[PDB]
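These values consider heavy atoms only, across backbone and side chains, with no hydrogens, waters or symmetry-generated copies. Just so you know, residue 1 is the first one in the sequence shown, and it goes up from there.
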Amino acid sequence: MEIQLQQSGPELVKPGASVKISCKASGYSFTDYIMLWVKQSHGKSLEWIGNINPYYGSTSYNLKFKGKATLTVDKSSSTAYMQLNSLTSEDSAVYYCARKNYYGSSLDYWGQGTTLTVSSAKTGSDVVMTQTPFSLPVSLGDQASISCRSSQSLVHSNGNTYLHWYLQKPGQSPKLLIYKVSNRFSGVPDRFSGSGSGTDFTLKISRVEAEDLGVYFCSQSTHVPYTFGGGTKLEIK
Ligand SMILES: OC[C@H]1O[C@H](OC[C@H]2O[C@H](O)[C@@H](O)[C@@H](O)[C@@H]2O)[C@@H](O)[C@@H](O)[C@@H]1O
Ligand SMILES: OC[C@H]1O[C@H](OC[C@H]2O[C@H](O)[C@@H](O)[C@@H](O)[C@@H]2O)[C@@H](O)[C@@H](O)[C@@H]1O
């Protein structure tokens, strides 16, 4: 098959109300993978909301969202839900669900996103990921190099380093490119290569083409809460 996460449609909701966004999983065994939710404010970086293990219904939240977001599942319909309460204009954003694997601790399949608009109208410190440059204008064909530095070592107890790279093309959800520093995800071209160790990581693109354009995000999942870099927009001069 093919794996799909299908989210409910755009929501226009009044301030103070609640909203419950759905994410229907197909193509894989729903209870065998953590489902994670992400907020993306129109400004652009990704923020972890929380995880749910659908087999148990057990949850973990980013402290920022604890008290605001509630994650549930319906196993019978292979559907994950995120409810947001006491909505204000600051909740207006795009929300993604994404499947998290165990072998890579990476977000391998993403929903298409749900846009929430909140309006009255009718129609241990967290680990910081510093990405540079924030903007990389290039000529087509150029080599491109993007750096990601973490405030703490990303080496996990098991000796692996859970640093990953995602590409979000214009108007799409993020997609996994590289997991665990240097491993190319299925279908990703050899022109992408990831390197680095400890706190310093690099993504290189050997010959940029149009399908590579968008915003790149590094992410770490060695430490809780999971965190993302601020993005690097790769675009043509
Ligand atoms: O760590 C030893 C166990 O490794 C596997 O289970 C470990 C975790 O791997 C899975 O991806 C998840 O299902 C986890 O819940 C699981 O604990 C298994 O091979 C297990 O038989 C080993 O004991
Ligand atoms: O060997 C390096 C460190 O490995 C473990 O901690 C690394 C990361 O593993 C955990 O999953 C999280 O607690 C992270 O916060 C943690 O740094 C530890 O054994 C640590 O003592 C080692 O220094």
Side-chain angles (χ1 to χ4, degrees), residues 4-25 30-102 105-120 124-129 162 164 166 168 172-176 217 219-231:
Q4 181 174 5
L5 284 57
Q6 178 67 23
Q7 299 183 222
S8 46
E11 298 277 0
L12 170 62
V13 184
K14 301 201 191 305
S18 298
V19 69
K20 184 183 288 203
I21 292 172
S22 68
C23 172
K24 182 166 179 91
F30 181 64
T31 56
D32 278 305
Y33 292 82
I34 295 308
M35 184 77 75
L36 180 149
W37 294 77
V38 171
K39 176 177 179 185
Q40 182 166 48
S41 289
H42 188 276
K44 232 234 138 40
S45 200
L46 302 173
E47 315 175 62
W48 178 57
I49 294 172
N51 288 358
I52 186 159
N53 182 329
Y55 184 92
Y56 298 105
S58 50
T59 55
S60 71
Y61 294 89
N62 191 338
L63 180 68
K64 177 173 179 166
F65 293 97
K66 199 182 318 169
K68 158 117 302 196
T70 303
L71 307 181
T72 55
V73 297
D74 181 5
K75 288 181 293 154
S76 69
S77 69
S78 295
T79 300
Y81 302 92
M82 177 171 65
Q83 179 178 332
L84 303 171
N85 295 313
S86 295
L87 289 174
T88 69
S89 55
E90 292 193 288
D91 298 314
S92 299
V94 171
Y95 295 88
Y96 296 100
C97 61
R99 189 182 84 160
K100 188 180 87 61
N101 59 53
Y102 189 103
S105 200
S106 58
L107 299 176
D108 51 9
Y109 295 88
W110 292 65
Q112 85 277 17
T114 296
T115 301
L116 173 62
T117 303
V118 182
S119 177
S120 286
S125 210
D126 295 354
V127 176
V128 179
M129 305 296 286
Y162 295 94
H164 322 298
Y166 300 93
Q168 184 175 37
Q172 293 184 17
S173 76
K175 269 83 202 63
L176 182 60
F217 294 99
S219 177
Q220 69 80 28
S221 57
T222 288
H223 308 263
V224 175
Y226 307 153
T227 53
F228 293 92

Worksheet item: Taking everything shown except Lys75 itself, do over 12 heavy atoms lie less than 6.0 Å from its NZ?
Response: no
Practice prompt. Find out whether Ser92 and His42 are in side-chain contact, i.e. whether some heavy atom of one side chain is under 4.5 Å from a heavy atom of the other.
Written response: no
Worksheet item: Do we get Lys66 above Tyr61's six-membered ring, with its NZ or CZ under 6.0 Å from the centre and within 45° of the axis?
Response: no
Discussion item. Please give me the minimum heavy-atom distance between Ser120 and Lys14, naming the atom from each residue.
Written reply: O-NZ, 3.6 Å
Worksheet item: Looking only at heavy atoms, what is the nearest atom pair of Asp91 and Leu116, with distance?
Response: O-CD2, 3.5 Å
Worksheet item: Under 3.5 Å, is there a donor-acceptor pair between the side chain of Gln220 and the main chain of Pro225?
Response: yes
Worksheet item: Should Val127 and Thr222 count as side-chain neighbours, where that means a heavy-atom distance under 4.5 Å?
Response: no
Discussion item. Before you tell me yes or no, could you show the steps for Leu63 and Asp126 under side chain to side chain contact (heavy atoms under 4.5 Å, CB included), namely the whole-Å CA-CA distance, both residues' side-chain angles and the distance that decides it to 0.1 Å?
Written reply: CA-CA 10 Å; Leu63 180 68; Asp126 295 354; over 6 Å; no
Response to the item:
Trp37 and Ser22 have their tightest heavy-atom pair at CH2-C, 4.2 Å
Worksheet entry | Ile52 versus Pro54, closest heavy-atom pair with distance | O-CD, 3.2 Å
Worksheet item: Looking at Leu71 and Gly50, what are the two nearest heavy atoms and their distance?
Response: CD1-C, 3.5 Å
Worksheet entry | Atom pair NZ/OG of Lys68 and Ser18 - distance to nearest 0.5 Å | 8.5 Å
Worksheet item: What distance separates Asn101 CG from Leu36 CG, expressed to the nearest 0.5 Å?
Response: 11.0 Å
Worksheet item: Rounded to the nearest 0.5 Å, how far does CE of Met35 lie from OH of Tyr109?
Response: 13.0 Å
Fill in: Point-to-point distance, once rounded to the nearest 0.5 Å, from SG of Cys23 to OH of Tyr95
15.0 Å
Fill in: Modelled atom types, side-chain donor and acceptor of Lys175 and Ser173, under 3.5 Å
yes
Item to complete: Would you mind reporting whether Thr72 and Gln83 have side-chain heavy atoms less than 4.5 Å apart?
Response: no
Item to complete: Check the pair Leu46 / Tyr166 against side chain to side chain contact (heavy atoms under 4.5 Å, CB included), numbers first and verdict last.
Response: CA-CA 11 Å; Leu46 302 173; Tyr166 300 93; 5.5 Å; no
Practice prompt. Start with the C-alpha distance between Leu5 and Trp110, add both sets of side-chain angles, then the distance that settles side chain to side chain contact (heavy atoms under 4.5 Å, CB included), and finish with yes or no.
Written response: CA-CA 6 Å; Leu5 284 57; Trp110 292 65; 5.8 Å; no
Worksheet item: Do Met82 and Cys97 come within less than 4.5 Å of each other through their side chains, counting heavy atoms only?
Response: no
Worksheet item: Just how far is it from atom OG of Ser41 to atom CD of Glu90, taken to the nearest 0.5 Å?
Response: 8.5 Å
Discussion item. Is any side-chain heavy atom of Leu107 closer than 4.5 Å to one of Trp48?
Written reply: no
Fill in: Approximate separation, where rounding is to 0.5 Å, of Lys24 NZ and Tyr81 OH
8.0 Å
Worksheet item: Is there a side chain to side chain contact (heavy atoms under 4.5 Å, CB included) between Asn51 and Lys100 once you walk through the steps?
Response: CA-CA 9 Å; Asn51 288 358; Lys100 188 180 87 61; 4.3 Å; yes
Worksheet item: Would a 4.5 Å heavy-atom cut-off, applied to side chains only, mark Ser89 and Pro15 as touching?
Response: no
Worksheet item: Do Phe217 and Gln40 come within less than 4.5 Å of each other through their side chains, counting heavy atoms only?
Response: yes
Item to complete: Assess the side chains of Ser106 and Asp108: does a donor N or O sit below 3.5 Å from an acceptor N or O?
Response: no
Worksheet item: Quick one: do the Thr79 and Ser77 side chains pair a donor with an acceptor below 3.5 Å?
Response: yes
Fill in: Smallest separation among heavy atoms of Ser221 and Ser105, with atom names
OG-O, 2.8 Å
Worksheet item: Any donor-acceptor pair under 3.5 Å linking the side chain of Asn53 with the backbone of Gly57?
Response: no
Worksheet item: If only atom types and distance count, is the side chain of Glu11 paired as donor or acceptor with the main-chain N or O of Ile21 below 3.5 Å?
Response: no
Discussion item. I'd like to know if the side chain of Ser219 reaches the main chain of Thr227, judged simply by a donor and an acceptor atom lying under 3.5 Å from each other, with no hydrogens or angles considered.
Written reply: yes
Worksheet item: Going by distance alone, is a donor N or O of one side chain under 3.5 Å from an acceptor N or O of the other, for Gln168 and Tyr96?
Response: yes
